[PDB]
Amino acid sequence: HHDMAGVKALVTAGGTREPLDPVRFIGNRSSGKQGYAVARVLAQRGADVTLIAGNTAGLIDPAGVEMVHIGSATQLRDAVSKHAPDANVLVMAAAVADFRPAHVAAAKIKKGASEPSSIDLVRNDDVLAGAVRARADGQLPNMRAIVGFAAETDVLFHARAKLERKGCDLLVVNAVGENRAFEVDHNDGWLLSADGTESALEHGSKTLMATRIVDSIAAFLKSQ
């Protein structure tokens, strides 16, 4: 079934890198492979896909997908607000850094002979929350589904609450792990819809979870 034909979808993936200076930064360990798989499965099921990607250099660009490359969280926010009016579906699978260094040095900071000094942090904008607001303010008339991602350690108490605070249509919880040897199986993956259905997310390959996420989107797209 090519159930995503006629659907224009925008995906973010990978972690952001918040510059401290031209060489150093604060980043996170997200590989981006899971957002890549969602974009790959969407493209394979007929969607017109644009992928905004962060620290994902060694990944293969998915076939049939339009690539937009960013580095920072603010660049991701700026890139999403550009490509979002055209989308029917937003998939926020990127590990957006919640904070960035408050000051960026123009040159690399030389090692002192005396005490080092801290990196002051500043909040980055909530790209998911901004998109949800834009839609509610009538600014995204094409947006049919907004999908968020979360890593949670009940699970549903934290998961159900993120859904209400972000306000998106679906929250993918704990789609983490490659199902690799000696990675903990917390039987914790859930597909949380704003309508209140909970689906369990079988911790399997990145491809199978992507199929589950895209199954859920098309089913949410048909509910309306």
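Heads up, when I say rigid core I mean the largest set of C-alphas that superpose within 1.5 Å between the two forms. In this text, residue numbers run from 1 along the sequence as written.
Participant: Between 61-69 and 155-163, which has its CA atoms farther from the current form in 7 other deposited structures of this protein, using a rigid core superposition?
Facilitator: Result of the core-fitted comparison in 7 other deposited structures of this protein: 155-163 deviates more.
Participant: Check this for me: in at least a third of the other entries compared, is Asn88 absent while its neighbours are modelled?
Facilitator: No: coordinates for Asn88 present in every compared entry.
Participant: Determine if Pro101 is unmodelled in a third or more of the other PDB entries compared for this protein.
Facilitator: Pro101: modelled in every other compared entry.
Participant: In this entry, is the chain continuous from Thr153 to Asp154, or are deposited residues missing in between (none, 1 to 3, 4 to 9, 10 or more)?
Facilitator: Unresolved stretch here: 4 to 9 residues.
Participant: On average, which has the higher Cα B-factor in the deposited entry, 134-142 or 117-125?
Facilitator: According to the entry, 117-125 carries the higher average C-alpha B-factor.
Participant: Look up the CA B-factors in the entry and say which stretch, 159-167 or 29-37, has the higher mean.
Facilitator: The recorded data point to 159-167.
Participant: For the listed residues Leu59, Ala53, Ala63, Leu192, which one has the largest C-alpha B-factor as given in the deposited model?
Facilitator: Checking the PDB record, the top C-alpha B-factor among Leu59, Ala53, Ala63, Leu192 is at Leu192.
Participant: Sorting the chain's modelled residues by C-alpha B-factor, tell me whether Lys206 ends up in the lowest, middle or highest third.
Facilitator: Answer is middle: the recorded C-alpha B-factor places it there.
Participant: Relative to the other modelled residues in the chain, which third contains the C-alpha temperature factor of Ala47: lowest, middle or highest?
Facilitator: Its C-alpha B-factor, which the entry lists for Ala47, ranks in the middle third among residues of this chain.
Participant: Taking the chain's C-alpha temperature factors as the reference, tell me which third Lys110 falls into: lowest, middle or highest.
Facilitator: According to the entry, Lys110 has a C-alpha B-factor in the chain's highest third.
Participant: Among the modelled residues of its chain, does the C-alpha B-factor of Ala13 lie in the lowest, middle or highest third?
Facilitator: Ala13: CA B-factor falls in the lowest third of its chain.
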